[PDB]
Amino acid sequence: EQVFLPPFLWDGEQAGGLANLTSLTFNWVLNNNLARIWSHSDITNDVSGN
Amino acid sequence: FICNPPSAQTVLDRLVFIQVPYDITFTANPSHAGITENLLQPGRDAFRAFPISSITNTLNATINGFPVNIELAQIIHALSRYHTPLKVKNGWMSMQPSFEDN
Amino acid sequence: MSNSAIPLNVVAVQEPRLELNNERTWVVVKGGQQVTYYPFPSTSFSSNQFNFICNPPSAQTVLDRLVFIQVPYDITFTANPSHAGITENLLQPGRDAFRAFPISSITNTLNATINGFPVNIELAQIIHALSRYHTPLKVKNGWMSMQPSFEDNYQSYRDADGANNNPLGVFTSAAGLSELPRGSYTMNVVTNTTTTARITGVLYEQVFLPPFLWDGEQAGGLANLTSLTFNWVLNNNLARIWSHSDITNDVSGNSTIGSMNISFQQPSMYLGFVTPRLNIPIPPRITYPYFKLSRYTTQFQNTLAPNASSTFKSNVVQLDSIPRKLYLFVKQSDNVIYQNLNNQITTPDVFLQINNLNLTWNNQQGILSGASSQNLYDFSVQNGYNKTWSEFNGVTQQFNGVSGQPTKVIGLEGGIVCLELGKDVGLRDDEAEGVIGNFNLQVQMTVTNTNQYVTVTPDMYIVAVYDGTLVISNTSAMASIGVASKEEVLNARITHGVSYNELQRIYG
Amino acid sequence: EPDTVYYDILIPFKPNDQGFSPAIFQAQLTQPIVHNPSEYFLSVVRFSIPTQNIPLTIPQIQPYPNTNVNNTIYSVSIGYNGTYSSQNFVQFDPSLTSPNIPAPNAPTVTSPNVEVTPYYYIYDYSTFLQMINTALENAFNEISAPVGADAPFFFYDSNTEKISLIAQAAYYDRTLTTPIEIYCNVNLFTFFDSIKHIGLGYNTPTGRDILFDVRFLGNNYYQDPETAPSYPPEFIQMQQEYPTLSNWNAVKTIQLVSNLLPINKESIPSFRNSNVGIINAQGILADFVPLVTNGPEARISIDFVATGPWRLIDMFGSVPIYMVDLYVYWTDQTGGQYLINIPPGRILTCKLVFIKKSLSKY
């Protein structure tokens with residue numbers, strides 16, 4: 001997965017990098033649900049439908 | 001993650017990303033049964049795009065002790081719709097599942 | 001504005017919908033009178049090698065850089081014992097086409113001397129590296145539309161059919177305003193059944209090697225040439241032009257097709273001479289950019305399959321000058337696939353996937369050793385790679401939904417890493433992209449094979465490409481690599497003036 | 001710009017269609033709280049959490065070979081003459097809890113430990129002791145006699161508030177020459193102690209060490225309560241003096257974290273051993289261990305009114321703040337996260353403070 005927040009960039013154009021850094025650090029907090037990763041078709045249900 | 005640049009006056013490139021090995025199991029719901037045919041289907045079920053970003057409540061990074069954060073969950077699916085061209089869509093972006101919901 | 005940590009300077013712009021004032025001019029567009037064209041037919045073609053020679057009219061007529069060669073042909077296939085089977089028309093709608101690109105794939109080498117100094121490019125394998133690399137959709141769909149030029153994306157034809165992006169299908173079945181598949185290119189069928197088939201047509205292919213160009217924009221065409229002679233030389237095998245799918249052939253490994261022969265009728269080549277206006281004259285002596293591909297190849301004895309990994313060692317080399325660009329794709333070997341045609345016609349044009357690479361430029365080792373395969377793809381795309389991450393490193397989980405078969409895996413395409421030495425490797429100070437000295441590389445690397453079907457013995461590659469300047473004056477052809485000195489290169493007055501990207505274009 | 005501004009964070013209650021609430025709140029605020037947060041020490045008073053929903057304990061399963069997802073790292077013993085009984089472990093049966101959650105899958109070679117599903121949660125003492133009971137009972141029956149005698153059982157008083165151990169009573173008291181005995185897995189021990197216990201050599205191969213001692217030795221006689229009283233009394237009782245709430249708890253910490261406030265990032269400790277190392281960095285706001293002793297009920301609720309002195313965290317960049325983001329978690333060893341859950345009847349409430357750095361520090 002790409003890190004998506006500027007300054008960092010996701011469009012293929014290239015521009016200067018951030019010198020003169022001392023310490024970068026990230027942090028990812030996951031959204032509670034975790035089912036949301038998957039997708040589905042409403043069709044396969046079918047007809048009840050659970 | 002927590003990672004300090006290796007050396008003095010070392011410029012840092014601006015494309016950053018993260019790989020994450022996973023494991024998932026699906027279980028059948030004992031109603032409507034059957035229920036014939038394999039749970040996962042051929043052109044029926046695959047990852048949501050883009051997966052990790054969508055299930056991130058928020059991600060934070062602090063460049064050099066000053067904090068910068070974005071809200072990945074809802075911002076994305078709209079920020080993803082443009083300014084994308086085909087050239088770019090096919091490039092860097094492609095790594096993460098990349099197609100929209102038509 | 002002077003509100004930042006360091007004061008910065010301001011300017012204003014106007015929104016597109018209103019200037020509404022700024023100085024306008026009228027730009028008349030002057031181009032020499034009398035543009036002409038002519039088919040130069042081949043003085044003494046043959047079946048083995050053919051070759052044209054043409055002389056530009058005089059010292060003052062500027063020939064243009066885009067050249068191509070059209071060649072008429074016929075073929076004929078005949079069903080062999082003892083496969084049959086032997087049912088249905090010997091060709092089938094979804095299964096047959098020319099290889100992209102057809103006569104390029106057969107050329108052993110194309111040599112073309114200019115003004116008396118001979119520059120040549122080997123073409124059988126060097127052409128496929130360069131093929132995926134720099135083109136985008138809008139330029140793929142322009143000039144390079146004349147040769148049947150859609151890249152083979154599966155690891156074997158067998159699986160392809162029938163996907164609506166299958167590499168050799170019929171015109172209908174290919175989506176709207178897209179790259180149309182290989183099968184679509186027209187030639188008439190005089191006959192077709194079981195036991196026999198015969199086709200006739202005329203296939204274009206534009207001569208590839210620089211200076212002559214295949215990408216859309218125009219740079220001043222060579223002048224003032226005095227004389228110019230191409231000549232090809234083809235691989236004896238020749239059976240490679242046609243490509244055929246696997247499914248149709250029956251089990252016991254028996255092949256429907258084998259064997260068949262090709263024919264050519266005298267072919268031609270179209271040059272375009274332009275001559276300048278009365279008052280504007282062209283300088284006595286001029287200077288064009290001069291590129292130069294090379295190929296180094298190393299084969300081994302060991303084999304891996306149907307999906308096991310391996311690591312390998314490229315042979316050591318010594319390089320006269322740091323080259324601009326390099327390509328490092330490992331592909332199914334050439335030793336095999338010229339032996340025994342059905343396989344020779346059948347095999348696709350994909351290479352094995354790169355699990356990672358470790359490289360050593362001079363006196364350092366371990367360059368890129370901790371960079372995950374995914375990283376390579378990003379730099380390669382940045383150079384223009386143009387293919388999606390899914391195919392690079394290709395494999396795909398297409399899953400079955402029937403109780404209770406296992407779920408097919410597909411071998412997909414290949415990966416071909418490229419690095420630019422200034423961009424990517426980093427050259428020690430005092431040294432830069434053009435400079436000369438002796439820098440030895442040796443690229444170890446690990447690879448997995450992916451197609452589920454066959455065992456593969458693999459021969460690695462490295463294409464390098466130096467950048468030089470070549471001066472033409474009639475009739476002379478001085479050419480020099482690295483123009484370019486160590487002290488001058490170091491002093492390097494640097495202009496915050498030109499962009500990088502514009503620089504990117506006049507590739508390559 | 002003013003010297004100090006307080007803020008209140010409360011989360012209401014939101015169930016899924018499937019009854020569950022995430023104790024997180026997050027909000028974009030329609031107008032900045034601090035004009036410029038470079039000069040504020042942020043600290044928190046008065047935060048409070050409904051704990052009504054947490055297990056009392058997550059009982060531990062033996063990491064294999066062990067293919068019944070069910071039986072645990074627990075055991076008991078009986079002795080007589082003294083013929084022993086091979087220890088029967090204890091089987092944490094679902095239908096005394098649930099019964100309606102899917103059970104997980106016991107893990108050969110691969111990874112050996114069964115991951116914790118909400119399925120393993122046990123609330124009460126009433127529910128766990130009632131499990132040892134079905135074990136001692138089932139144990140005893142391999143070694144009968146003499147004559148008639150019930151195997152012992154554990155019971156927990158309400159307001160005692162102490163667990164007990166009841167056993168006859170003219171045998172098997174330890175002062176008689178023919179006594180029957182109890183042993184354990186020395187692991188299960190931690191809950192039961194402090195009953196009165198003779199020690200025996202820790203973790204011996206063949207089960208059995210530690211020896212709950214009946215004999216009194218006490219103002220200790222007990223009877224009934226299911227018949228009219230009789231002399232001498234029915235059974236000996238040995239309630240633990242200490243009363244613990246305790247070793248029992250699955251709650252080892254709780255942790256509010258907030259991925260928004262400019263803040264500074266302090267590391268939380270792991271439970272990993274190898275290694276330590278490895279400092280991590282994420283913002284950590286306020287967080288406390290269970291304060292012994294707030295006496296049950298503390299199972300009912302945790303609470304932390306600040307009592308002084310101000311404990312400061314820092315703040316960094318110069319972005320006017322637009323979001324209050326806050327997450328609450330409760331951790332168990334082995335140290336897994338488990339984001340806290342808010343019960344149908346209660347509201348979860350923090351408070352906050354910004355102080356202008358200049359007043360506090362030169």
# chains A, B, ... in the order shown; residues from 1 in each chain; ligands from 1

$ residues_around --residues "residue A:35" --least-positions-apart "3" --cutoff "9 Å" --atoms "only C-alpha atoms" --output "PyMOL selection string"
(chain A and resi 38-39) or (chain B and resi 55)

$ closest_atom_pairs --of "chain B" --to "chain D" --cutoff "12 Å" --atoms "only C-alpha atoms" --output "Markdown table"
| residue | atom | partner | partner_atom | distance |
| --- | --- | --- | --- | --- |
| B:1 | CA | D:280 | CA | 7.4 |
| B:2 | CA | D:281 | CA | 6.3 |
| B:3 | CA | D:280 | CA | 9.7 |
| B:4 | CA | D:281 | CA | 11.8 |
| B:25 | CA | D:104 | CA | 11.4 |
| B:27 | CA | D:102 | CA | 9.7 |
| B:28 | CA | D:102 | CA | 11.2 |
| B:29 | CA | D:102 | CA | 11.0 |
| B:30 | CA | D:102 | CA | 11.6 |
| B:56 | CA | D:259 | CA | 11.8 |
| B:57 | CA | D:26 | CA | 9.3 |
| B:58 | CA | D:259 | CA | 7.4 |
| B:59 | CA | D:259 | CA | 7.6 |
| B:60 | CA | D:259 | CA | 6.7 |
| B:61 | CA | D:282 | CA | 9.5 |
| B:62 | CA | D:262 | CA | 9.2 |
| B:63 | CA | D:317 | CA | 10.3 |
| B:64 | CA | D:317 | CA | 10.3 |
| B:65 | CA | D:316 | CA | 7.1 |
| B:66 | CA | D:317 | CA | 4.8 |
| B:67 | CA | D:262 | CA | 5.8 |
| B:68 | CA | D:262 | CA | 8.2 |
| B:69 | CA | D:260 | CA | 7.3 |
| B:70 | CA | D:260 | CA | 9.3 |
| B:71 | CA | D:260 | CA | 10.0 |

$ atom_distance --atom1 "atom CA of residue D:92" --atom2 "atom CA of residue D:20"
24.5 Å

$ closest_atom_pairs --of "chain B" --to "chain C" --cutoff "6 Å" --atoms "only C-alpha atoms" --output "Markdown table"
| residue | atom | partner | partner_atom | distance |
| --- | --- | --- | --- | --- |
| B:37 | CA | C:403 | CA | 5.4 |
| B:38 | CA | C:401 | CA | 5.3 |
| B:41 | CA | C:401 | CA | 4.7 |
| B:42 | CA | C:399 | CA | 5.2 |
| B:90 | CA | C:388 | CA | 5.4 |
| B:94 | CA | C:389 | CA | 5.6 |
| B:95 | CA | C:389 | CA | 5.3 |

$ closest_atom_pairs --of "chain A" --to "chain C" --cutoff "9 Å" --atoms "only C-alpha atoms" --output "CSV"
residue,atom,partner,partner_atom,distance
A:12,CA,C:382,CA,6.9
A:13,CA,C:382,CA,8.4
A:14,CA,C:382,CA,9.0

$ write_last_selection --atoms "C-alpha atoms" --output "mmCIF file, in the first residue's frame"
data_model
loop_
_atom_site.group_PDB
_atom_site.id
_atom_site.type_symbol
_atom_site.label_atom_id
_atom_site.label_comp_id
_atom_site.auth_asym_id
_atom_site.auth_seq_id
_atom_site.Cartn_x
_atom_site.Cartn_y
_atom_site.Cartn_z
ATOM 1 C CA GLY A 12 4.535 9.644 -10.801
ATOM 2 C CA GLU A 13 6.209 13.051 -11.055
ATOM 3 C CA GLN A 14 9.389 13.531 -9.038
#
